[PDB]
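Summary of the model geometry
Here are the chains, one letter per residue:
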Amino acid sequence: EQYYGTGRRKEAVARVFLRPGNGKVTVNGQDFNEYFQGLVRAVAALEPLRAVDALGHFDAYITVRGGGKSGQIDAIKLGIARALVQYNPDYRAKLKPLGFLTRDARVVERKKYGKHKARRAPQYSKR
Amino acid sequence: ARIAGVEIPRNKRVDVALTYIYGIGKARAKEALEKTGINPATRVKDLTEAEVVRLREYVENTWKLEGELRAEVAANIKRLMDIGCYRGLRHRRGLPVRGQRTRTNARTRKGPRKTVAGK
Amino acid sequence: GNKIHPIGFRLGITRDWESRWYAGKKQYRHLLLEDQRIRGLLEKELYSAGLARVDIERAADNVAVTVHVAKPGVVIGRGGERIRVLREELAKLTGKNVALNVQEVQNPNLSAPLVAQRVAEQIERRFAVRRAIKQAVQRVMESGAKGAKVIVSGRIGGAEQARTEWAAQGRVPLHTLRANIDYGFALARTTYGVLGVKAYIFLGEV
Amino acid sequence: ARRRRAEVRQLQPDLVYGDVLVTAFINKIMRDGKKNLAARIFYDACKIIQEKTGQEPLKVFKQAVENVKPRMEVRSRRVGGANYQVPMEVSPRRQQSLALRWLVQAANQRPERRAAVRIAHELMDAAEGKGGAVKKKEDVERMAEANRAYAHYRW
Amino acid sequence: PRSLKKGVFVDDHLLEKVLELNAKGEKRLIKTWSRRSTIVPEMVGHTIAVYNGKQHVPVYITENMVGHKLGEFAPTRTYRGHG
Amino acid sequence: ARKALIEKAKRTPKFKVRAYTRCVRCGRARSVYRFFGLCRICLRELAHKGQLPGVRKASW
Amino acid sequence: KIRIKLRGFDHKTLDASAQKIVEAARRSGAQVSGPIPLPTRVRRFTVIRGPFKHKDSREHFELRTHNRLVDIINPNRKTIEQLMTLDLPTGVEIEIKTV
Amino acid sequence: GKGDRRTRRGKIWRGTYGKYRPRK
RNA sequence: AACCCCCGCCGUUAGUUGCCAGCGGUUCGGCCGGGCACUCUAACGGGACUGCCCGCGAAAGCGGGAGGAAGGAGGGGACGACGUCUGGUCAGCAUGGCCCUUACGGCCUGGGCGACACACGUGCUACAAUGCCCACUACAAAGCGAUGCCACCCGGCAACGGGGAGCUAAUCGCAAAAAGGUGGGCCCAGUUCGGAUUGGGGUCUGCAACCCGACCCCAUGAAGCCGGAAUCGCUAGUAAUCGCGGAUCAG
RNA sequence: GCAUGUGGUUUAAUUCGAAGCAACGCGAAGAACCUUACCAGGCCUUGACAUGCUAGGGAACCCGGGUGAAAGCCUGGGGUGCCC
Ligand SMILES: [Mg+2]
Ligand SMILES: [Mg+2]
Ligand SMILES: [Mg+2]
Ligand SMILES: [Mg+2]
Ligand SMILES: [Mg+2]
Ligand SMILES: [Mg+2]
Ligand SMILES: [Mg+2]
Ligand SMILES: [Mg+2]
Ligand SMILES: [Mg+2]
Ligand SMILES: [Mg+2]
Ligand SMILES: [Mg+2]
Ligand SMILES: [Mg+2]
Ligand SMILES: [Mg+2]
Ligand SMILES: [Mg+2]
Ligand SMILES: [Mg+2]
Ligand SMILES: [Mg+2]
Ligand SMILES: [Mg+2]
Ligand SMILES: [Zn+2]
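Residues numbered from 1 in each chain as written, not as in the entry; some residues may be left out. Chains lettered and ligands numbered in written order. Part of a larger assembly, values for the part shown. Heavy atoms only, no water.

**Quick word on the interface of chain C and chain G**
- Taken together, the contact between chain C and chain G spans 10 residues of the former and 11 residues of the latter.
- Between chain C and chain G the total buried area reaches about 870 Å² when both faces are included, carbon and sulfur atoms providing 53% of it.
- Sorting the residues of chain C by area buried against chain G places C:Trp21, C:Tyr22 and C:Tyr28 first, and these three jointly supply 55% of that buried surface.
- Counting the contacts that link chain C with chain G gives 0 salt bridges.
- Applying the counting criterion to the chain C and chain G interface returns 1 residue pair in polar contact.
- When contributions to the side of chain C that touches chain G are tallied by element, the ones reaching two or more residues are α1 (25-46) and β1 (56-59) of chain C.
- Here the residues of the side of chain C that touches chain G are counted per class, giving 5 nonpolar, 1 polar and 4 charged. (Contact = heavy atoms within 4.5 Å. Buried area = accessible area lost by both parts, 1.4 Å probe. Salt bridge = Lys/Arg side-chain N within 4 Å of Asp/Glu carboxyl O. Polar contact = N/O pair within 3.5 Å; in protein donor to acceptor, adjacent residues only side chain to side chain. Helix = DSSP H or I, 4+ residues; strand = E, 2+ residues; numbered from the N terminus. Nonpolar A, V, L, I, M, F, W, Y, C, P; charged D, E, K, R; others polar.)

**A word on the domain arrangement of chain C**
All names here are of chain C.
- Its domain assignment divides chain C into domain 1 (16-106) and domain 2 (107-206).
- Taking only C-alpha atoms into account, the centre of domain 1 sits 26 Å from that of domain 2.
- With 6 residues of domain 1 at the contact, the number on the domain 2 side is 6 residues.
- Summed over both sides, the interface of domain 1 with domain 2 buries roughly 570 Å², with 55% coming from carbon and sulfur.
- Linking domain 1 to domain 2 there are 0 salt bridges. (Domains from an automatic or database assignment.)

**Some details on the sheet that holds strand β6 (residues 167-170) of chain C**
Residue and element names in this part refer to chain C.
- Pairing is antiparallel across the open sheet formed by 4 strands, whose spatial order is β6-β5-β10-β7. The sheet is open, and its two borders are formed by β6 and β7 (179-183), each paired with just one other strand. Strand after strand, the sheet turns through a mean of 15° between neighbouring axes, direction not considered.
- Sheet topology places β7 next to strand β10 (residues 197-205); 5 bridges connect them, and they run antiparallel. Across the sheet, the residue bridging to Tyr-183 is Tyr-200, located in β10.
- Of the strands in this sheet, β5 (147-152), β7 and β10 are in contact with helix α3 (residues 112-124), which crosses β10 at around 155°. (Pairing = 2+ DSSP bridges. Axes fitted to C-alpha atoms, helices over the stretch in contact; angles between N-to-C directions.)

**Points about the side chain of G:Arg68**
- Residue position: G:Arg68 is located in strand β4 (residues 58-73).
- If we ignore the near neighbours within four places in the chain, the residues touching G:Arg68 are G:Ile4, G:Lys5, G:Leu6, G:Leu14, G:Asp15, G:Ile36, G:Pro37, G:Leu38 and G:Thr40.

**Regarding the interface of chain F and chain C**
- With 19 residues of chain F at the interface, the matching set in chain C holds 17 residues.
- Carbon and sulfur atoms supply 58% of the area that chain F and chain C bury against each other, a total of about 1,700 Å² over both sides.
- Three residues, F:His48, F:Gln51 and F:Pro53, lead the burial of chain F against chain C; their summed loss comes to 35% of the area buried on that side.
- Across the contact surface, chain F and chain C share 0 salt bridges.
- Looking at the side of chain F that touches chain C residue by residue, the classes come out as 9 nonpolar, 6 polar and 4 charged.

**Some details on the protein's contact with RNA strand I**
- Taken together, 202 residues sit near RNA strand I, with A:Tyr4, C:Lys25, E:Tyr79, H:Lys11 and H:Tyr20 positioned nearest.
- Between RNA strand I and B:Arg87 there is a distance of 3.1 Å, counted from a phosphate oxygen to a side-chain nitrogen or oxygen.
- At a separation of 3.3 Å, a phosphate oxygen of RNA strand I approaches a polar backbone atom of H:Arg8.
- The greatest single-element share of the surface near RNA strand I, amounting to 8 residues, is contributed by strand β3 (residues 37-48) of chain G.
- A breakdown of the residues in the surface near RNA strand I according to their chemical character gives 66 nonpolar, 49 polar and 87 charged. (Near = heavy atom within 4 Å.)

**Thoughts on the sheet that holds strand β2 (residues 12-18) of chain A**
Residue and element names in this part refer to chain A.
- A sheet is described by the order of its strands in space; here 4 strands give the open sequence β1-β2-β4-β3, paired in mixed fashion. Both edges of this open sheet fall to β1 (3-8) and β3 (25-27), since each of them pairs with a single strand only. Taken over all neighbouring pairs, the strand axes of this sheet differ in orientation by 15° on average, direction set aside.
- The pairing of β3 with strand β4 (residues 60-66) spans 3 bridges and is parallel. Residue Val-25 lies in a different strand from β4, and its bridge partner there is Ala-60.
- Helix α1 (residues 69-83) rests against β1, β2 and β4 of the sheet, and its axis sits at about 145° to β1.

**Some details on the arrangement of the chains**
- Ranking the 8 pairs of chains in contact by number of contacts places chains C and F first.
- Separating chain C from chain D is a minimum C-alpha gap of 30 Å, and the two share no contact.
- What separates chain B from chain F at the closest point of their C-alpha atoms is a distance of 24 Å, and the two make no contact.

**With respect to the environment of C:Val172**
Residues and elements named next belong to chain C.
- Secondary-structure assignment places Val-172 in the loop between β6 and β7.
- Residues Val-172 and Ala-186, 14 residues apart in the sequence, show an inter-C-alpha distance of 19 Å.
- Look past the residues within four positions of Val-172 in its chain and what remains in contact with it is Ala-148 and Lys-149.

**Some details on the pattern of salt bridges**
- Counted under the stated rule, the structure contains 40 salt bridges over all chains.
- Across the pair B:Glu66 and B:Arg70 runs a salt bridge, and its minimum N-O distance is 2.6 Å. Here B:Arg70 and B:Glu66 lie together in helix α4 (residues 66-82), a separation of 4 residues that amounts to about one turn.
- Of the residues examined, B:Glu66 reaches a relative accessible area of 13% and is grouped as buried.
- Judged by its relative accessible area of 35%, B:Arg70 falls in the partly exposed class.
- In this structure, the salt-bridge partner of C:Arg82 is C:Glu45, at a minimum N-O distance of 3.8 Å. Residue C:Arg82 is found in the loop between β3 (68-69) and α2 (83-87), and its partner C:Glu45 is found in helix α1; the two are separated by 37 residues along the sequence.
- Owing to a relative accessible area of 41%, C:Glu45 belongs among the partly exposed residues under this scheme. (Buried < 20%, exposed > 50% of the residue type's maximum accessible area, 1.4 Å probe, protein only.)

**Let's talk about the protein's contact with RNA strand J**
- Taken together, 49 residues form the shell around RNA strand J, and within it B:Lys119, E:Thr76, F:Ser31, F:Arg40 and G:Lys55 come nearest.
- One nitrogen or oxygen atom from the main chain of G:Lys53 is found 2.6 Å from a sugar or linking oxygen belonging to RNA strand J.
- Going through the elements one at a time, α6 (107-110) of chain B together with α1 (4-10) and β1 (32-33) of chain F are the ones with two or more residues in the surface near RNA strand J.
- For the surface near RNA strand J, the leading source of residues is α1(F), giving 4 residues.
- Of the residues assigned to the surface near RNA strand J, the class counts are 12 nonpolar, 14 polar and 23 charged.

**Here we look at the packing of aromatic side chains**
- Following the criterion strictly, the structure yields 26 aromatic pairs over all chains and no others.
- Measuring from centroid to centroid gives 5.2 Å for A:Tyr4 and A:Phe17, while their planes differ by 40°, and the two rings are tilted. Here A:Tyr4, found in strand β1, pairs with A:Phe17, found in strand β2; they are 13 residues apart in sequence, far enough to count as distant.
- For A:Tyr4, a relative accessible area of 31% puts it in the partly exposed group.
- Given a relative accessible area of 17%, A:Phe17 falls into the buried group.
- On the numbers, 5.4 Å between centres and 35° between planes, the contact of C:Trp21 with C:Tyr28 is tilted. Accessibility classification places C:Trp21 together with C:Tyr28 in one group, the buried group.
- Site record: aromatic cluster; members linked through ring pairs are C:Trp21, C:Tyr22, C:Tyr28, F:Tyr33, F:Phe35, F:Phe36, G:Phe9 and G:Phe45. (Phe/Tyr/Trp six-rings, centres within 6.5 Å; stacked < 30°, edge-to-face > 60°.)

**A few points about the packing of helix α1 (residues 20-29) of chain D against helix α4 (residues 92-109) of chain D**
All names here are of chain D.
- Where α1 meets α4, the axes come as close as 10 Å, and the angle between the chain directions of the two elements is 45°. Taken together, the axis directions place α1 and α4 in an arrangement best described as oblique. You can see that α1 and α4 cross each other, and the crossing is right-handed. In this structure, α1 contributes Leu-21, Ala-24, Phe-25, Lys-28 and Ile-29 to the contact, and α4 contributes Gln-96, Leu-100, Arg-101, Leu-103 and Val-104. (Parallel < 35°, antiparallel > 145°, perpendicular 65-115°, else oblique. Left-handed = near helix turned anticlockwise from the far one by under 90°.)

**Structural notes on α4(D)**
Residues and elements named next belong to chain D.
- Taking 1.5 Å of rise per residue, 18 residues should cover 26 Å, and α4 covers 26 Å from first to last C-alpha, within 8% of that figure.
- Taken together, the buried positions of α4 are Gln-95, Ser-97, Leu-98, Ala-99, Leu-100, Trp-102, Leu-103, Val-104, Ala-106 and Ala-107.
- Packing partners of the buried residues in α4 comprise α1, α3 (57-66), α5 (115-124) and α6 (131-137).
- One side-chain oxygen of the residue at the start of α4 lies 3.3 Å from the amide nitrogen of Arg-93, identifying that residue as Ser-91. (Expected span 1.5 Å × (residues − 1).)

Shown next, in the form of structure tokens:
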């Protein structure tokens, strides 16, 4: 048995697998902490799980590529998010007006010509 | 203790304390603790006298340091002076020697900024 | 000098490249250099034939020079006499398989660069500056085009004060991509100097 | 603005405790986005505070804020020939910034050698009534009053 | 500076006027336009004219002016001041 | 483009260091792409006629 | 068995070209693993719109190398000639592999 | 430092490798 | 304004050189069998309209919400109207005209655009403890490369040199991402801050590094403890901060 | 402090142009000679380049020496195809 979700956020992609059992999380083999060490947004990825009562109800098989661990953790989170409608198409009620089903459509805007870094422009006295 | 003709910073780490000579930097130092095998981590104040001399001879006799080195260097240019060459004419007039631009900038080599009047 | 070239906008949007090949990094540099000889000789001569759009499709060292032109029998001569003179004068420059065709400019007012030329000619021809440009446009919504516009742009009529002129009609909408418009840059030469000319035609939204 | 007032930035409530105030502080520590630092800066100040004056570090924060939150300010302005520094009351949120703003700004002006340390002290010292935190609060209620001479030009 | 894995450098036409007037125990002023070359110990005591832009400059060659290139003894421009 | 100075770069030189490109179409070697044998003025000017295959106008 | 590599400029011909090819390797005696979209490559050119001084106004061009790749499993002698009697796209360059 | 050459990031900045930045 | 591209969701065609959820084997390396699920990979389509609800309103619109990946144009790009400043360049090219044409035209070696009592305009690194430093430890996107990218191997403290496997490039390589993480050293110091300017030693490109190069190692360790009056940028994945890349080009 | 443009000076020349915002890391998305318009020297004169005209010799062409800073110049030899 396995329930899967599609998790994606800002040039980083994450894959989620929800089996019934414990609450151990393997993200690219490694434990949830041996991959998200002294980092605080870490334990936040699990949030979409704990607003329906099930940390200890399911296991976590994980895979990620791209981005940084935040942008992964947002995707991991968005993965456990989607993953729960494939188990309960009724959990959908609880985790949308709670906001956990959405692609953070936010994205590193393009660097523009004439502008040091897109928005930033060049300083000028003697105006 | 004292070496090269200078009393090195007591209370401080060994490795740092030897930089404080005119013959030694970061490297030539921590390699003289390699080649006299005393823990670089410890303080200059906690040695043995045994472990004092042992760095004294090696450091002093091998390299050229202190008074002798600015002396050699303040001669090695004194050399490049009377030579008539490009580089000597610079150490004299106090303009940079390493070819850097000289319109704008180039301060630390000329002194401070002596201001005039445009037109 | 504020705006943009119309053709170079619809690059594979509502137009097409003339030279349509492939190429490697080794080849593209030289290969193209060639086309700009092909199109320098081909032009320089064919002028009083009214030459328009010059395709140069390419396979394995087979060049494929098509040619759209006002007057196919001033490319030809009598019988097939003068087209041969050139068809090799190109394989004389390439060193390979010149397949130099011919394709008539059916309706001549309904293709810009021609329109541009005859006007730039008419300016070289010491004609009535305005009326040139008026009738220019005139004929274009007379042949049946959606939109017309000509831009005479020199020291005009022989004047020392450099100005510019023009007129137009119909839809001229170069901010609609999906509107096909043809640009014509000409470039008259008269005793007082040099007087570039422009011409835009709309045919239709697609 | 000039088209309407902004809605104000709806922050992520704290990951550990849960206060939205805790958030805005952590960001208001943070420099150059280096947020995994300022989170530790915060959560070591709660190890110090829970263990130097053994109560709930979280409660002291709430109080260390109420106590630097000014209530009147000098919303300066002009007539037509010279301009007057002018007493004005303060918004609900405007407090919550200047609170945390100043709490930090003091902590960096504190003399200690350590990061979460100069937060810990300037968190007790705020919720006492001393330290640079509260000094400034009572300083622009003081320039609210020792400048009350033009509370008719107030807007 | 100049690779040691590739030895010193001197121009041929210039070295030619040196070890022919060396091989005849004489000394004359040489006129060449190379500056790009490294003086060698078999030129010491020669009178050598090097060029800067417009002028051949007097450079009699002594000892410890050894491995330095020629152009170090032939200033290229003129700077005395601004007024 | 001083005419003879397209030619001081056409023919092969005394030593291989002196090998500086130039534009086939105008003879400005100041900003030239050794992929078009062309400069920036040209490359547009031409690209604006679609006379360089696959050269699209960019946007993202 | 026999693998093809199409490298062109359009996205149009390069899809067209490779789908004529994909029909006469089915009728002619071959199962086939389909038309393959590949890691396209971009060479871009950022250039000063102006002749002279006006630098910070700039134009943008992208030359898009488009890579296609189709595999023929079970290549017949009813086949191989059917695909040298199919050749017809103009801006494309074809190549033929075999391991 | 960063304009400093004999160091960790100061190499990386220049782009270079030396005794103070290895090749593993 | 829309039609074009990029990014956001999803469906159709597709399974290599990419991918690994289940099963078989496993030199534990998606390594092999097998599969193309999902990630990706490019081509085409779907979808957002004030459509729904209460309210406000003659209407257009507006405010709050339900559903939705996206909500009132979702973010970003290309896109610049009739005209002005006789704005810009005869130094890309084009050309009226005045002007030289055994000379301003042409070839050449060397010298110069880099000079330096100063002044402004732009940026880099700093002045450091939210840090500097040495180890071990993770997570990127984009682009280039068969006249080149150069895995490893050996020599050297090192730049690099020698030998040499792979790659028409999702298959091989530049490639170390860096701030972050673990562990430890520094303890307010002109400092293990800072990294100028110098002395000497070498490597490389190149006919050739004196003018006038970059890089390595050693020694030198300057100004500056966050900056006068004035003044600049940015309204959200922006500002700041950290690394990678490409063009040009032997360097 | 250094990097880069710039003003002013200096220079045999420091080649050019940019001029309030909208000139100033801008023409330079790569100045050691090259680039190179500049200056000092050694030089070339249908010329590094085009389509030719007339008189006289020469197939094109390829190899070497001498002098030289290089260019340049004086000069030895090999060669003698195509059309009628
Ligand atoms: Mg960024
Ligand atoms: Mg700028
Ligand atoms: Mg010209
Ligand atoms: Mg070059
Ligand atoms: Mg340092
Ligand atoms: Mg396979
Ligand atoms: Mg298995
Ligand atoms: Mg528009
Ligand atoms: Mg003006
Ligand atoms: Mg310059
Ligand atoms: Mg080794
Ligand atoms: Mg090597
Ligand atoms: Mg300090
Ligand atoms: Mg805005
Ligand atoms: Mg970079
Ligand atoms: Mg001029
Ligand atoms: Mg020069
Ligand atoms: Zn050009």
